[PDB]
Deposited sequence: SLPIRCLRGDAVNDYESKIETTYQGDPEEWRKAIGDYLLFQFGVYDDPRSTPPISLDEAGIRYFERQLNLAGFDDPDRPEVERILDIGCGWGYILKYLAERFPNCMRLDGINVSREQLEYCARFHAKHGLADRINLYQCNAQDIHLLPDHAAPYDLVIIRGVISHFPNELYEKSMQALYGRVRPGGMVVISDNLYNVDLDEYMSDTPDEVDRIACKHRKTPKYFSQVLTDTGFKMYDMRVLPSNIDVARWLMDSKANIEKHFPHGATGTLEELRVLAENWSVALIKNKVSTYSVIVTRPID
């Protein structure tokens, strides 16, 4: 039922999703402050510049760092992050994606194949808590992406997932996380502290943690996706797209009030 509830969330025609969240189908917000972004900044542009800023903060614009031989994308959505990483790391011959959504994985497979990446990118129906089942234990991960996923995890699944992940990360390896955390510890009519503590308790060293994108940039992404749904589905969106259209206002209000932020959380497995 856990996986059924996530399958329902991300089900529906990817071609419909494109009209709402952009052609790249990236679904963890974006940054609007990149000097390379020419206004008006699209959801696609905001989303990929946000990911590029995360990789910059994780040290991947420095050439004096180890070769990236193996990549994991935990909760790989509609597969654009894996496609981007295959082009950014053209000598990386193994990029693994895990997802519980069969419809997203079926789209990922077709999208990657179209781009000649079917043999470099491996896609698994695999819950983050079962990552011990990923093949080739001899090849640790140099780079792990967890972009807008852990919000779907009960605390126990988050802890077990990070415990499972840690042993499979190469010492010196980077885990690049984006999640939507609460700044307020009360019921009003995961916190940064708890979120960070799970990673450090696991044995990861904190490398960089910050609000990113800014509250106003997350609000802009949400209100732009809302405008997209209202323009492209004037007669009514349904399921997750209608929920997104409604959540956009309430979440944007929470963001302006600083009740919630999106955090860039980059940890490393220590070279010990």
Legend entry - Parts of the chain sequence, as deposited, that carry no C-alpha coordinates in this structure: 1-13, 203-218
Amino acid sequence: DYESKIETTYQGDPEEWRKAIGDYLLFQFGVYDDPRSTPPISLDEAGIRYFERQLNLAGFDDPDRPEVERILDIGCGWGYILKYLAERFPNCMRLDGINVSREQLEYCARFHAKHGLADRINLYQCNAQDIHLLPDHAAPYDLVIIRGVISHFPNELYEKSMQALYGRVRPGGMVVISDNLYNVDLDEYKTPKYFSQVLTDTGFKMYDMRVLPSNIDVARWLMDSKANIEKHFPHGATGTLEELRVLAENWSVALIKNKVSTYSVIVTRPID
From here on, numbers count along this sequence of modelled residues.
Inset, instruction - Compare the mean C-alpha B-factor of 39-47 with that of 63-71 as given in the PDB entry, and name the stretch with the higher value. - result: 63-71
Legend entry - Of 232-240 and 219-227, the stretch whose C-alpha atoms average the higher B-factor in the entry: 232-240
Legend entry - Residue selected from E106, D136, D142, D96 by maximal Cα B factor: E106
Inset, instruction - For the C-alpha B-factor as written in the entry, point me to the maximum among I81, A118, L123, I177. - result: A118
Inset, instruction - Report the third (lowest, middle or highest) to which the CA temperature factor of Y166 belongs, ranking only the modelled residues of the same chain. - result: lowest
Legend entry - Third assignment of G77 from its chain's C-alpha B-factors: lowest
Inset, instruction - Rank-wise, by C-alpha B-factor, drop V184 into the lowest, middle or highest third of its chain. - result: highest
Inset, instruction - Tell me, lowest, middle or highest third: where does the Cα B factor of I6 rank within its chain? - result: highest
Legend entry - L55, C-alpha B-factor rank within chain (lowest, middle or highest third): middle
